[PDB]
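Structure file entry38.pdb (PDB, C-alpha atoms) follows.
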ATOM      1  CA  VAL A 148      -3.522  59.644  -1.326  1.00  0.00           C
ATOM      2  CA  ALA A 149      -3.051  63.361  -1.749  1.00  0.00           C
ATOM      3  CA  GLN A 150      -6.252  63.868   0.199  1.00  0.00           C
ATOM      4  CA  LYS A 151      -4.872  61.772   3.030  1.00  0.00           C
ATOM      5  CA  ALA A 152      -1.693  63.823   3.035  1.00  0.00           C
ATOM      6  CA  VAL A 153      -3.435  67.165   3.098  1.00  0.00           C
ATOM      7  CA  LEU A 154      -5.770  65.963   5.825  1.00  0.00           C
ATOM      8  CA  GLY A 155      -2.709  65.170   7.894  1.00  0.00           C
ATOM      9  CA  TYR A 156      -1.329  68.630   7.290  1.00  0.00           C
ATOM     10  CA  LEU A 157      -4.677  70.095   8.264  1.00  0.00           C
ATOM     11  CA  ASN A 158      -4.690  68.005  11.400  1.00  0.00           C
ATOM     12  CA  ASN A 159      -1.373  69.440  12.511  1.00  0.00           C
ATOM     13  CA  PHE A 160      -2.596  72.880  11.538  1.00  0.00           C
ATOM     14  CA  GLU A 161      -5.356  72.398  14.087  1.00  0.00           C
ATOM     15  CA  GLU A 162      -2.748  72.230  16.807  1.00  0.00           C
ATOM     16  CA  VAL A 163      -1.116  75.274  15.324  1.00  0.00           C
ATOM     17  CA  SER A 164      -4.379  77.141  15.722  1.00  0.00           C
ATOM     18  CA  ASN A 165      -4.523  75.821  19.280  1.00  0.00           C
ATOM     19  CA  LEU A 166      -1.042  76.911  20.324  1.00  0.00           C
ATOM     20  CA  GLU A 167      -1.066  78.883  23.594  1.00  0.00           C
ATOM     21  CA  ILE A 168       1.544  81.495  24.461  1.00  0.00           C
ATOM     22  CA  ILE A 169       3.307  81.136  27.805  1.00  0.00           C
ATOM     23  CA  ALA A 170       5.965  83.840  28.100  1.00  0.00           C
ATOM     24  CA  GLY A 171       8.156  86.332  26.279  1.00  0.00           C
ATOM     25  CA  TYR A 172      11.398  88.234  26.716  1.00  0.00           C
ATOM     26  CA  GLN A 173      12.530  91.515  25.224  1.00  0.00           C
ATOM     27  CA  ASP A 174      15.813  91.767  23.387  1.00  0.00           C
ATOM     28  CA  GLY A 175      16.475  95.091  25.057  1.00  0.00           C
ATOM     29  CA  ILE A 176      15.297  98.309  26.639  1.00  0.00           C
ATOM     30  CA  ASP A 177      13.868  99.876  23.453  1.00  0.00           C
ATOM     31  CA  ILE A 178      10.540  98.130  23.046  1.00  0.00           C
ATOM     32  CA  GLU A 179       9.851 100.333  20.031  1.00  0.00           C
ATOM     33  CA  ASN A 180      12.722  98.840  18.034  1.00  0.00           C
ATOM     34  CA  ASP A 181      14.230  95.862  19.867  1.00  0.00           C
ATOM     35  CA  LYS A 182      12.999  92.450  18.787  1.00  0.00           C
ATOM     36  CA  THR A 183      11.387  90.071  21.253  1.00  0.00           C
ATOM     37  CA  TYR A 184      10.970  86.324  21.663  1.00  0.00           C
ATOM     38  CA  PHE A 185       8.078  84.163  22.809  1.00  0.00           C
ATOM     39  CA  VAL A 186       7.384  80.599  23.877  1.00  0.00           C
ATOM     40  CA  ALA A 187       4.142  78.642  23.647  1.00  0.00           C
ATOM     41  CA  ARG A 188       2.787  75.133  24.140  1.00  0.00           C
ATOM     42  CA  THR A 189       0.094  72.798  22.880  1.00  0.00           C
ATOM     43  CA  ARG A 190      -3.244  72.503  24.622  1.00  0.00           C
ATOM     44  CA  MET A 191      -3.522  68.887  23.501  1.00  0.00           C
ATOM     45  CA  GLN A 192      -1.390  66.409  25.305  1.00  0.00           C
ATOM     46  CA  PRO A 193       1.408  65.439  25.207  1.00  0.00           C
ATOM     47  CA  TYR A 194       2.492  68.999  25.793  1.00  0.00           C
ATOM     48  CA  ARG A 195       4.766  70.191  23.001  1.00  0.00           C
TER      49      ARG A 195
ATOM     50  CA  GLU B 294      -8.507  64.011  41.457  1.00  0.00           C
ATOM     51  CA  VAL B 295      -7.419  61.935  44.398  1.00  0.00           C
ATOM     52  CA  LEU B 296     -10.820  61.181  45.848  1.00  0.00           C
ATOM     53  CA  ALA B 297     -11.407  60.187  49.436  1.00  0.00           C
ATOM     54  CA  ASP B 298     -13.564  57.337  48.123  1.00  0.00           C
ATOM     55  CA  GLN B 299     -13.875  54.952  45.197  1.00  0.00           C
ATOM     56  CA  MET B 300     -16.356  56.751  42.971  1.00  0.00           C
ATOM     57  CA  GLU B 301     -16.609  54.207  40.248  1.00  0.00           C
ATOM     58  CA  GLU B 302     -20.208  53.644  39.104  1.00  0.00           C
ATOM     59  CA  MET B 303     -19.628  54.573  35.476  1.00  0.00           C
ATOM     60  CA  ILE B 304     -20.103  57.672  33.359  1.00  0.00           C
ATOM     61  CA  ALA B 305     -22.658  60.015  31.837  1.00  0.00           C
ATOM     62  CA  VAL B 306     -21.890  62.113  28.740  1.00  0.00           C
ATOM     63  CA  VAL B 307     -23.863  64.315  26.336  1.00  0.00           C
ATOM     64  CA  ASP B 308     -23.616  67.353  24.128  1.00  0.00           C
ATOM     65  CA  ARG B 309     -25.329  70.393  25.643  1.00  0.00           C
ATOM     66  CA  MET B 310     -27.405  73.020  23.909  1.00  0.00           C
ATOM     67  CA  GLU B 311     -28.803  75.010  26.770  1.00  0.00           C
ATOM     68  CA  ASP B 312     -26.974  77.707  24.830  1.00  0.00           C
ATOM     69  CA  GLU B 313     -25.290  78.027  21.433  1.00  0.00           C
ATOM     70  CA  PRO B 314     -21.700  76.842  22.166  1.00  0.00           C
ATOM     71  CA  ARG B 315     -22.618  73.146  21.892  1.00  0.00           C
ATOM     72  CA  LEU B 316     -20.528  72.331  24.934  1.00  0.00           C
ATOM     73  CA  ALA B 317     -18.890  68.998  25.832  1.00  0.00           C
ATOM     74  CA  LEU B 318     -19.596  67.500  29.251  1.00  0.00           C
ATOM     75  CA  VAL B 319     -18.712  64.342  31.191  1.00  0.00           C
ATOM     76  CA  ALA B 320     -19.839  63.048  34.573  1.00  0.00           C
ATOM     77  CA  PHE B 321     -19.287  60.127  36.939  1.00  0.00           C
ATOM     78  CA  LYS B 322     -21.199  58.877  39.894  1.00  0.00           C
ATOM     79  CA  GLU B 323     -21.542  56.818  43.054  1.00  0.00           C
ATOM     80  CA  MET B 324     -24.805  55.356  44.260  1.00  0.00           C
ATOM     81  CA  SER B 325     -25.734  57.147  47.414  1.00  0.00           C
ATOM     82  CA  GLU B 326     -29.388  56.567  46.580  1.00  0.00           C
ATOM     83  CA  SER B 327     -29.937  59.962  48.104  1.00  0.00           C
ATOM     84  CA  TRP B 328     -27.131  62.506  48.069  1.00  0.00           C
ATOM     85  CA  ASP B 329     -25.637  60.621  45.123  1.00  0.00           C
ATOM     86  CA  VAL B 330     -21.965  61.530  44.768  1.00  0.00           C
ATOM     87  CA  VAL B 331     -20.779  62.956  41.455  1.00  0.00           C
ATOM     88  CA  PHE B 332     -17.507  63.963  39.795  1.00  0.00           C
ATOM     89  CA  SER B 333     -17.504  65.783  36.496  1.00  0.00           C
ATOM     90  CA  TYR B 334     -15.861  68.062  33.958  1.00  0.00           C
ATOM     91  CA  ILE B 335     -17.028  70.383  31.182  1.00  0.00           C
ATOM     92  CA  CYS B 336     -15.097  71.582  28.153  1.00  0.00           C
ATOM     93  CA  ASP B 337     -15.219  74.053  25.326  1.00  0.00           C
ATOM     94  CA  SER B 338     -14.819  72.233  22.028  1.00  0.00           C
ATOM     95  CA  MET B 339     -11.410  73.840  21.632  1.00  0.00           C
ATOM     96  CA  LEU B 340     -10.530  71.732  24.670  1.00  0.00           C
ATOM     97  CA  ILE B 341     -10.854  74.642  27.084  1.00  0.00           C
TER      98      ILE B 341
END

Produce structure tokens that represent the structure in this file.
Amino acid sequence: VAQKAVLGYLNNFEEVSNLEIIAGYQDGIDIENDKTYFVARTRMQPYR
Amino acid sequence: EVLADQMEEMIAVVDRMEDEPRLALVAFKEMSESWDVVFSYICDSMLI
């Protein structure tokens, strides 16, 4: 049963490794210190 | 696709090693006994 569970986790982790970035936005003018945010989606459908 | 004609005479599929990637490929066909009409796609195993 534990094996089943971990295999599920691994399965999802596949999609994690297949995540594709789409875009990003800077918090402010100072790239060298301002944080920044990014968005990405699944290659596999349905798109998440 | 939205094909101008009803290509419908089934499918052909194999793994390819004409090269090391071990690529995934799928094809479909229509029986023009000469100039046979084909529709197909090819994918990297990471679904690219």

(message) as an NGL selection string, please: the residues near residue 319 of chain B (cut-off 10 Å, all atoms listed in the file, same-chain neighbours under 5 positions excluded).
(response) :B and (304-308 or 332-336)

May I have the residues from that selection written out with C-alpha atoms, as a PDB file, keeping the file's coordinate frame?
ATOM      1  CA  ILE B 304     -20.103  57.672  33.359  1.00  0.00           C
ATOM      2  CA  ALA B 305     -22.658  60.015  31.837  1.00  0.00           C
ATOM      3  CA  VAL B 306     -21.890  62.113  28.740  1.00  0.00           C
ATOM      4  CA  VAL B 307     -23.863  64.315  26.336  1.00  0.00           C
ATOM      5  CA  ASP B 308     -23.616  67.353  24.128  1.00  0.00           C
ATOM      6  CA  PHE B 332     -17.507  63.963  39.795  1.00  0.00           C
ATOM      7  CA  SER B 333     -17.504  65.783  36.496  1.00  0.00           C
ATOM      8  CA  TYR B 334     -15.861  68.062  33.958  1.00  0.00           C
ATOM      9  CA  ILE B 335     -17.028  70.383  31.182  1.00  0.00           C
ATOM     10  CA  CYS B 336     -15.097  71.582  28.153  1.00  0.00           C
TER      11      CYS B 336
END

Skipping near chain neighbours, those fewer than 5 positions away, what residues fall within 12 Å of segment 151-168 of chain A using only C-alpha atoms, listed as a short mmCIF file (atom, residue, chain, number, x, y, z; two decimals) with C-alpha atoms, keeping the file's coordinate frame?
data_model
loop_
_atom_site.label_atom_id
_atom_site.label_comp_id
_atom_site.auth_asym_id
_atom_site.auth_seq_id
_atom_site.Cartn_x
_atom_site.Cartn_y
_atom_site.Cartn_z
CA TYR A 184 10.97 86.32 21.66
CA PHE A 185 8.08 84.16 22.81
CA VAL A 186 7.38 80.60 23.88
CA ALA A 187 4.14 78.64 23.65
CA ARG A 188 2.79 75.13 24.14
CA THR A 189 0.09 72.80 22.88
CA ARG A 190 -3.24 72.50 24.62
CA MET A 191 -3.52 68.89 23.50
CA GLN A 192 -1.39 66.41 25.30
CA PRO A 193 1.41 65.44 25.21
CA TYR A 194 2.49 69.00 25.79
CA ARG A 195 4.77 70.19 23.00
CA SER B 338 -14.82 72.23 22.03
CA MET B 339 -11.41 73.84 21.63
CA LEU B 340 -10.53 71.73 24.67
CA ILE B 341 -10.85 74.64 27.08
#

(message) As an exercise, work out the distance from atom CA of residue 327 of chain B to atom CA of residue 296 of chain B in Å and give it to one decimal place.
(response)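 Going from atom CA of residue 327 of chain B over to atom CA of residue 296 of chain B, I get 19.3 Å.
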
Test item: residues at most 9 Å from residue 303 of chain B, all atoms listed in the file, excluding those fewer than 6 positions along its chain, as a compact mmCIF listing (two decimals) with C-alpha atoms, in the coordinates of the input:
# COMPACT_ATOMS: atom_id res chain seq x y z
CA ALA B 320 -19.84 63.05 34.57
CA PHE B 321 -19.29 60.13 36.94
CA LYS B 322 -21.20 58.88 39.89
CA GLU B 323 -21.54 56.82 43.05

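Atom CA of residue 337 of chain B is found 25.1 Å from atom CA of residue 302 of chain B.
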
Using the file's own x, y and z axes, so that the box edges lie along x, y and z, what centre and edge lengths in Å (one decimal) does a box around every listed atom of segment 160-173 of chain A get when 5 Å is added on each side? Give it as JSON.
{"center_x": 3.6, "center_y": 81.9, "center_z": 19.8, "size_x": 27.9, "size_y": 29.3, "size_z": 26.6}

(request) May I ask for the distance between atom CA of residue 309 of chain B and atom CA of residue 331 of chain B, given in Å to one decimal place? (result)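 Between these atoms lies a distance of 18.1 Å.
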